[PDB]
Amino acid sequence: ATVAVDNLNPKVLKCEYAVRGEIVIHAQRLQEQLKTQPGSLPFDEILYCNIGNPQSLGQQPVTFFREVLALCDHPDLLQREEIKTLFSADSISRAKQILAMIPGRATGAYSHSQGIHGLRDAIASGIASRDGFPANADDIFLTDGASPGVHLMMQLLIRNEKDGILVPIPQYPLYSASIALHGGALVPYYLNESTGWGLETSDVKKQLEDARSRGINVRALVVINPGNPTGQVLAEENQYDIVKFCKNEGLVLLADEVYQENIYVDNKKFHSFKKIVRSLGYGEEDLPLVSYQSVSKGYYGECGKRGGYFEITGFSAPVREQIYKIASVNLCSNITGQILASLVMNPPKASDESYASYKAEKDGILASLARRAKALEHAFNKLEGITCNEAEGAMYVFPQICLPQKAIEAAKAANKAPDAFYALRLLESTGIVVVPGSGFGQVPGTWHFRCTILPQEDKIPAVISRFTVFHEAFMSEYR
């Protein structure tokens, strides 16, 4: 029989990934329409407001980072006196220190499947000057981004359709996609929109009991902190609760901390789950704890590079061997992403002026983002039926829309979720690509969308004008 949709793996069919799905494919059809037919569209550019891809938009690559990477890439450059004029001194000094920790100066070879050892040591030292607690090179696994590390873990832990993971609703849908792909149950817990997207451990507990009664064995809890799509930053005190909760529930803690250097609210600061766990005084029975961090986000932003890592603690060898086994299949992650992870974790120290150029780009880039983060909040809040929460961190705003019934029905007719119907019509009127609430998951009855915070600071008012024009015409058909 011919290979067809009817005879593919069910886990691939139930899998859905909205960030790069229906709306984006529609957007690319429209992209062609204005190479081919300039002027047939009511707008000029397509604005991808759908993906946290800072450099896609204006963001400038940090220079110290690119300098070292250009150097490690072509190491012969180091045997030439000119480079001294074009490259910073400590970038040349860092390149050389790095090449000296790869075994035969081979930047092109496969590394140990956990990552070059040096780079792992560097990262372990960055973790420890962030926590106040030591870290081990042996516990780190360098990955092609944070993504493969979530797959690795779903695959380790899900034996059955009956296996379950607690996931926030709404969630960055790599979790809901990864979990369908590995054929396991998704067990929602519900972030309180009214309480600033608050995570309450009694809600988790209740949801964990409902899933157990239903017969599902729940293996782990994912926490996204800072959150995506909701940008909440969890607080120290709430974090002790989650850790104590996993301990007596026999649950792996999956800590997604990719947005850690994206904290915009003056009031709160980032705290590692490792910092919390160590401090509570756990050394093993550590609950298993896996922490993810990536090079894609923050100020570096750096997604194409495909670099990141995760740290494990509180697993036995021979469970650790089994992890090593899954990772060793692809051999290793890409070296340039590995070097990059090390750099993000040891940036310049003030010891050198390149440090001064660095501090300027890092700041400014982060001021830009939160200046940007607030403007979109205020803009959206002024709109009929739209309410936009504070964004403590990350790079996303996630407004609620109070879609009228005439609009819910027109969506039922079009065979679309009300969210997606809105997101699609927006796109047709304005070229603005956003991701609909659905398959981020949301409280049934409520409706949202996720915009990026990353359009160019100067392009923003023009963007919220195109938008409001559409929204208010949409409201006038459908209220």
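When you see a residue number, it is the position in the sequence shown, counting from 1.
On average the C-alpha atoms of 263 to 271 have higher B-factors than those of the other stretch, with 392 to 400 and 263 to 271 being the two compared. As listed in the deposited structure, the average C-alpha B-factor of 347 to 355 and of 252 to 260 is greater for 347 to 355. Of all the options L174, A373, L99, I323, the entry's greatest CA B-factor is assigned to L99. Ranking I224, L191, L221, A135 by the C-alpha B-factor listed in the PDB entry places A135 at the top. For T195, the recorded CA B-factor ranks within the highest third of the chain. Only modelled residues enter the ranking. When all modelled residues of the chain are sorted by CA temperature factor, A473 is found within the lowest third. Annotation for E67: CA B-factor lies in the middle third of the chain's modelled residues.
When the modelled residues of the chain are ordered by C-alpha B-factor, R105 sits in the highest third. Ranked within its chain, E361 lands in the highest third, by CA B factor from the PDB record.
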